[PDB]
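Requesting a structural model of the entry that follows:
(chains A and B, ligands or ions: 12)
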Amino acid sequence: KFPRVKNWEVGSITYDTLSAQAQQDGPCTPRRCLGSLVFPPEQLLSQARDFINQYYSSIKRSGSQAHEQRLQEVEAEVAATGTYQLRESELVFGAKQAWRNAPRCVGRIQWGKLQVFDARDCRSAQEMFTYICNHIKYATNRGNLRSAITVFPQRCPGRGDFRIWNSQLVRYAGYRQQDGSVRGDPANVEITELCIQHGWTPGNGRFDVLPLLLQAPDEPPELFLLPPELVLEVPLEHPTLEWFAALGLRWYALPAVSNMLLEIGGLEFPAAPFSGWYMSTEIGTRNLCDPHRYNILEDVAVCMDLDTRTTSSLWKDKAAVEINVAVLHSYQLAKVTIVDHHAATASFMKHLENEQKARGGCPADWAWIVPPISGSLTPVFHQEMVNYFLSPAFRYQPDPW
Amino acid sequence: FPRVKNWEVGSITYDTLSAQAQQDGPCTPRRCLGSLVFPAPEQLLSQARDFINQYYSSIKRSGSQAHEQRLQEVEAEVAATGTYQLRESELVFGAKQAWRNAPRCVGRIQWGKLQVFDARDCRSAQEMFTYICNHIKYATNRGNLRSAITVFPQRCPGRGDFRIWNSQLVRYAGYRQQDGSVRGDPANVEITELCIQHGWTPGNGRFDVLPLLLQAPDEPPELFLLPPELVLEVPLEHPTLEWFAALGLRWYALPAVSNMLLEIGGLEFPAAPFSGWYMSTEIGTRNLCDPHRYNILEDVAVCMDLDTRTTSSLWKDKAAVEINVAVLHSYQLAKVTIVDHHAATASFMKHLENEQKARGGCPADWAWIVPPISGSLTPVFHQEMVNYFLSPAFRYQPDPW
Ligand code: HEM
Ligand code: HEM
Ligand SMILES: CNCc1cc(F)c(F)c(-c2cc(C)cc(N)n2)c1
Ligand SMILES: CNCc1cc(F)c(F)c(-c2cc(C)cc(N)n2)c1
Ligand SMILES: C[C@H](O)[C@H](O)[C@H]1CNc2nc(N)[nH]c(=O)c2N1
Ligand SMILES: C[C@H](O)[C@H](O)[C@H]1CNc2nc(N)[nH]c(=O)c2N1
Ligand SMILES: [Cl-]
Ligand SMILES: [Cl-]
Ligand SMILES: [Gd+3]
Ligand SMILES: [Gd+3]
Ligand SMILES: [Gd+3]
Ligand SMILES: [Zn+2]
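Numbering: from 1, shown residues only, chains lettered A, B, ... in the order given. Ligands and ions are numbered 1, 2, ... in the order given. Sure, the structure comes next:
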């Protein structure tokens, strides 16, 4: 009933007792495991009781005056309005907990250092844009990156949602050709097609920053050109491969997910963009070397004069490491915050032991915590993990179309 | 039926075979335990009945006279003895199916090409030794490795099991040290001690081949030295790092797993060693670079004059790539079969396509199929998989001591 979990590098055994609390059931059964799949009126009071109970136990305040009192006020708000409002401190507490509960996030050692911008008093896309622009400039901070989330108004029935239509606040364009293939990032062909559709003049480039499609309740979206001085980018160069600069590769400083739904206490915020800083394999391995992404691996190998005629030269492996070195070197030279996959996973091990002591476990998704290069060279590879869903949470949600 | 996506190509399939998963696994809708390493005549009848059905399907005779006659035969044999005997052809098919069904094997494109030695008439630990030497001789084949399995007598009532105490036929001793360290392979410290206390005179190298501890029913295990000329090994050298040879590193040619149980139609064979050939990462990454194994990573990196002072130099990634290059070059120089992780995962994608057409799916453990370096550079990273248990099957079993 309490999973026994082992670390094979050291031999140590822990029990995940926190797992016994898991709520929104996952996709696995005793008959088949689906852990490797990416995407697997008044029950509101149940989720509310539990979250407010969480909040007060966290501040050493269970069964106290402010606790029972706040419980009645949510009872009364829902009774009269069919919903409720979070106290500002609860909204701050819920955002940090959801980050803390994200099983696929390797950077949760940072979960208590998060800046929350309360945008629950927002109306119209033009207003979101200034909220978003303030987030970006605050989080970017001339390259000394700072974790932030901007929380736009919660969801109510009979009224449409606030939504950011881009998956991230900074994405590069993907344009097709006289032959189907894509100039730019193929991960964003859809939203590039939607932006151009809504009256944006495309570029001719591999690294064109897309505009933003912001949508206010029960209204169509609006394009917004991001201020170019607010979008910090890093040209990629290699410390010793002089020709790497000539490949013309770049990436942006701020990873800011703008398509996930934040759920606290039974309330749902479909517009809540959050940002941290990059782990270097995200850029150098997934974004630039994935076959369906920029797919540069062979081009770098030719420049390195590697033998691409046989897979057993490990030319792929060699080129991939140099691309990752170039990312780290370039961000450091730009003085933009970035973390390598060894340093991050080592910190995640530290986080796991923190969370064992504090909460008796930590939901973690082994396939997402283990980096996409050098997996067994990092300590998380040899750590057995337990994956489950706790609330507050970040959840995926359908594209708003 | 679980919908399964490949993210490199965008294609989608449904794993209908999963609906037939017999014995149950460790996951629930509450929590996923996929990353854990170790997750009555009437019941024997119904397993037996299912396997026979499988066998007669495969030979295009489902529903025949011989089919029903064999069912009847199996029932009368269970009624009168509490067990039954496999026919030889049924045993060959059961052993191939067990390999086919093994979710953590990336080499299963080869599943139909397997040599089955029927040792079920084996009488003692001395005969068992002779059968094993013959297996090693045939499978090694002077470096042109051939996949094989030798099946010793089945678990049956009134008698104990045949057991091979060694986890593989070829293993290097691990000697706990003066200062509490280990000389040789730390994975084999337990079995090394057992050999010594059963009369083996230890060596004190890092690559001392262990004797075999072979157990006949209701007999203490018996010690057997492998004839040196039967154990093919490969000294490790690097194609361009000439000091690499001075590490004195070696590995053996034949990976022959000997401590697993083969189950076929409810019959259990606690001794049925099987062998194929190596994928280079097993040796170059896990066996040599795991911190709890040979753990050579930092010594190579220093020798390469990498900057081992900061993780952002990626010295670990670079040293590990050259260790894998050395393993591949060395085996190819010695003319000993080996497959690199790029070719292996590519042939596994073809296996998944073959199996999707043949059975409607394929049991696959993503965390074990994706190689421990350069994960997302291989195509199995971008393929979603369903993990489940089919019979016939190789199972883990407790060590007999
Ligand atoms: C501060 C440094 C941070 C680092 C280094 C980091 C790293 C990562 C990485 C590598 C992933 C895997 C994503 C992928 O490969 O697609 C991830 C996922 C995730 N991160 Fe973090 N992150 C950071 C900050 C944050 C913050 C501030 C939040 C929320 C406030 C957050 C929430 C999440 C969530 C919810 C996921 C799961 C997304 C999904 O399921 O697709 N992260 N993170
Ligand atoms: C011929 C080439 C073969 C290759 C390249 C290959 C490759 C692999 C690899 C890389 C693993 C993962 C091992 C680990 O990381 O611990 C594995 C596991 C496994 N293989 Fe294969 N293999 C081959 C032949 C065979 C044969 C002939 C059999 C049985 C007749 C077999 C049955 C299994 C089983 C049962 C496992 C899982 C072992 C466990 O769960 O601990 N393999 N294989
Ligand atoms: C190739 N990764 C793309 C990707 C997908 C996601 F779903 C993420 F959540 C993040 C992400 C988010 C944050 C806040 C920090 C960070 N380092 N990454 C990145
Ligand atoms: C670091 N791997 C150790 C290991 C553990 C296992 F459980 C295996 F089954 C194999 C294995 C077995 C066969 C027949 C071929 C092959 N290439 N590997 C290897
Ligand atoms: C098919 C597989 O589940 C899918 O590609 C997952 C695996 N693990 C991952 N891990 C991270 N961090 N990011 C990803 O996109 C993926 N992709
Ligand atoms: C704890 C973790 O599950 C463990 O180290 C697993 C991960 N994936 C693996 N994959 C393979 N092929 N072999 C292994 O031994 C492991 N070990
Ligand atoms: Cl990204
Ligand atoms: Cl091995
Ligand atoms: Gd030149
Ligand atoms: Gd030289
Ligand atoms: Gd020395
Ligand atoms: Zn699972």
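
can we go C-alpha only for contacts and neighbour counts from here?
Will do.

Starting from ligand 1, give me the distance back to residue A:147.
5 Å (C-alpha to the nearest ligand atom, to the nearest Å).

and the residue nearest to that residue when sequence neighbours are not counted, what does it touch?
Using C-alpha to C-alpha, 6 or more residues apart in numbering or on different chains and skipping the chain neighbours, the partner closest in space to residue A:147 is residue A:276 (4.4 Å). Neighbour list for residue A:276: A:139, A:145-148, A:254-256 [criterion: C-alpha atoms under 8 Å, 6 or more residues apart in numbering or on different chains].

ranking these by neighbours, who comes first?
Among the contacts of residue A:276, residue A:254 has the most neighbours (other C-alpha atoms under 10 Å in any protein chain shown), with 27 neighbours.

three-state assignment of that one?
coil (DSSP: H, G, I helix; E, B strand; the rest coil).

Check the one 5 residues further on too.
Using three-state DSSP, the three-state assignment for residue A:259 comes out as coil.

any idea how far residue B:68 is from the residue nearest to residue A:147?
65 Å (C-alpha to C-alpha, to the nearest Å).

what's the answer for residue A:178, then?
For residue A:178, the distance to residue B:68 - C-alpha to C-alpha - is 62 Å.

out of the two, which sits in the more crowded spot?
Set residue A:178 next to residue B:68 and count neighbours by other C-alpha under 10 Å: residue B:68 wins out with 15 against 6.

quick one: contacts of the helix or strand the more buried one falls within?
Secondary structure from DSSP states H and E places residue B:68 in helix B:65-81. Applying C-alpha under 8 Å, 6+ apart, the contact partners of helix B:65-81 are B:41, B:45, B:48-49, B:52-53, B:56, B:61, B:83-84.

now check stretch A:274-293, is it near ligand 1?
Yes: Stretch A:274-293 lies within reach of ligand 1 by C-alpha under 6 Å from any ligand atom, at A:274-279.

Doesn't residue A:272 lie inside a helix?
No: Residue A:272 is assigned coil when assessed by three-state DSSP, not a helix.

Name the nearest residue to it, ignoring sequence neighbours.
residue A:151 is the one closest to residue A:272 (C-alpha to C-alpha, 6+ apart), at 4.4 Å.

Surely the one you found touches residue A:115?
No: taking C-alpha atoms under 8 Å as the definition, residue A:151 is not a contact partner of residue A:115, at 10.8 Å.

Compare neighbour counts for these two and give me the winner.
residue A:151 (24 against 19).

Domain-wise, how is chain A divided?
Chain A breaks down into these domains under CATH domains of a matching chain: A:16-120+A:147-157+A:261-275+A:345-369, A:121-146+A:161-232+A:396-400, A:233-255+A:278-343.

Which among these is found nearest to residue B:97?
Nearest of the domains of chain A to residue B:97, taken as C-alpha to C-alpha: domain A:16-120+A:147-157+A:261-275+A:345-369 at 18.9 Å.

where does residue A:196 fall, phi/psi-wise?
Main-chain torsions, residue A:196, degrees, to the nearest 10: phi -50, psi -50.

Please name the nearest non-neighbouring residue to it.
residue A:202 (6.4 Å).

got it, and residue A:364?
That would be residue A:103: by C-alpha to C-alpha, 6+ apart, it lies 4.1 Å from residue A:364.

Just give me the neighbour total for that neighbour.
Residue A:103 has 24 neighbouring residues, counting by other C-alpha under 10 Å.

where along the stretch 301-401 of chain A do the helices fall?
A:315-333, A:341-359, A:366-369 (DSSP state H, counting those that start in this stretch).

how close does residue A:284 get to ligand 3?
9 Å.

which residues sit in contact with residue A:378?
A:341-342, A:345-346, A:370.

go with 7 Å
For residue A:378, the contact set (C-alpha atoms under 7 Å, 6 or more residues apart in numbering or on different chains) comprises A:342, A:345.

Neighbours of the closest residue to ligand 6 within the stretch 201-350 of chain A, how many?
Here the stretch 201-350 of chain A gets closest to ligand 6 at one residue, residue A:349, 12.9 Å apart by C-alpha to the nearest ligand atom. Residues near residue A:349, counting by other C-alpha under 10 Å, number 17.

just to revisit the earlier point, contacting residues for the residue nearest to residue A:272?
Residue A:151 neighbours (C-alpha under 7 Å, 6+ apart): A:117-120, A:271-272.

where exactly do the strands run in the stretch 101-250 of chain A?
Assigned by DSSP state E, counting those that start in this stretch, the strands in the stretch 101-250 of chain A fall at A:115-118, A:148-151, A:163-164, A:174-175, A:183-184, A:212-215, A:222-224, A:233-235, A:250-252.

Comparing the ones you listed, which comes out most buried?
Counting by mean count of other C-alpha atoms under 10 Å in any protein chain shown, strand A:163-164 has the highest mean neighbour count of these, with a mean of 28.

Which residue comes closest to the closest residue to ligand 4 within the stretch 51-200 of chain A once chain neighbours are left out?
Using C-alpha to the nearest ligand atom, residue A:106 is the residue of the stretch 51-200 of chain A that sits closest to ligand 4, at 25.8 Å. Excluding its sequence neighbours, the residue lying closest to residue A:106 (C-alpha to C-alpha, 6+ apart) is residue A:369, at 5.4 Å.

Return the distance of that neighbour relative to ligand 4.
Residue A:369 is 21 Å from ligand 4, by C-alpha to the nearest ligand atom.

Do I have it right that that residue meets residue A:104?
Yes: counting by C-alpha atoms under 7 Å, residue A:369 touches residue A:104, with 6.0 Å between them.

These two: which is more packed in?
For residue A:369 and residue A:104, the more surrounded residue by other C-alpha under 10 Å is residue A:369, and the numbers stand at 21 against 17.

quick one: contacts for the more buried one?
Residue A:369 neighbours (C-alpha under 7 Å, 6+ apart): A:104-106.

surely residue A:287 meets residue A:296?
No: applying C-alpha under 7 Å, one finds residue A:287 not in contact with residue A:296, separated by 9.5 Å.
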